[PDB]
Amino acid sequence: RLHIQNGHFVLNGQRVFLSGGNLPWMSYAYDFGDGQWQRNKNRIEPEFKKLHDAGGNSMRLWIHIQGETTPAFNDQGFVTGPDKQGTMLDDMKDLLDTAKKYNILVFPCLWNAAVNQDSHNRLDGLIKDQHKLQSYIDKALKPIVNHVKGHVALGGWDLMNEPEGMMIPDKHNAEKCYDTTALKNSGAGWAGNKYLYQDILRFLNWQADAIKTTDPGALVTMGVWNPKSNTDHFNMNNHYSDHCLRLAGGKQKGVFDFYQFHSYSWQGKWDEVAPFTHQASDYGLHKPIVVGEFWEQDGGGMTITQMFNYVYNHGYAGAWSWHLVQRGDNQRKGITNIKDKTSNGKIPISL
């Protein structure tokens, strides 16, 4: 299974570069549980085949999102189980079995904060209320993780897409881990200035620890909207260090194994911290860094092929383009172009 050795991803005795894309869903938030996987499988499986045929080895795809269909919540906002109809565990295993057929490592992304659509404040309650969060962990997360424990096609668990969509920016805190003054006018909070960092860091710490207690060999990450929240360089503050997660939540193994940056140009221009104008070492971090979302339409003038090559050539650990379902025609060209590169990790894998 995928692991990190001497600071780099390794699979089957070889340093590996993670190349692929974000599905990112078939039916948004309606792909898993309550019979939904078997209904969508005939459309999702061909995406795995196309990705493999193009030379990709990695797929990120989104699971609960904001709790639209999984996990199952009661009317008070506590979690009752992975779903209602009892397909979720089978669905997650079948997802991974399907990926294995195509030699694709899967990175399920549990939650999303890039939009503010949380019907019945279900995600909100998990972030704010420790008892509700514990119910998610005990009734849904641990059963899911246990059911697919050790699966060779599981690349890693991404706890949350873009927490920064709803983090309150420009907020002083005496504790550096919680202070968001460096994020003033960064764009963080676009979906609504809603959360404080102690709450989100507890949310992340507890889930990461639960995963690595249940499946100690699993890897855990989280996808930041922009590395501005994830580096102490560039006049920024890294909120997601081991120290910060442990401080907020207290659970020793609740840390990330690798970091994941998203990077998009704005109005055609890369910002001052952009991964696409820097190199991995510029961030002052000590874990692999995957560039986990990007696309040509917000690529600062680069072609998608230039983008995949850029990531590979600048010390990053992986490259996942955004929205294969809609943009795969173009993005597969970049995936194909880099598939035979070996100097920063080999791409073809066998599961």
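Start at 1 and count along the sequence shown; that's the residue number.
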Subject >> Between 319-327 and 32-40 (mean CA B-factor, as deposited), the higher >> reply: 32-40
Original post:
Which has the higher mean CA temperature factor in the PDB entry, 129-137 or 241-249?
Top reply: 129-137
Original post:
Reading the B-factor column of the entry, which of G165, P227, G223, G77 has the highest value at its C-alpha atom?
Top reply: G77
Original post:
According to the deposited entry, which of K184, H262, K176, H120 has the largest Cα B-factor?
Top reply: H120
**OP:** Sorting the chain's modelled residues by C-alpha B-factor, tell me whether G334 ends up in the lowest, middle or highest third.
**Re:** middle
Subject >> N12 - Cα temperature factor, lowest/middle/highest third of chain >> reply: middle
Original post:
Among the modelled residues of its chain, does the C-alpha B-factor of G86 lie in the lowest, middle or highest third?
Top reply: highest
Original post:
Once the chain's modelled residues are ordered by C-alpha B factor and cut into thirds, is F234 in the lowest, middle or highest one?
Top reply: middle
**OP:** Consider only the C-alpha atoms of the modelled residues in this chain, order them by B-factor as the entry records it, and name the third containing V148: lowest, middle or highest.
**Re:** highest
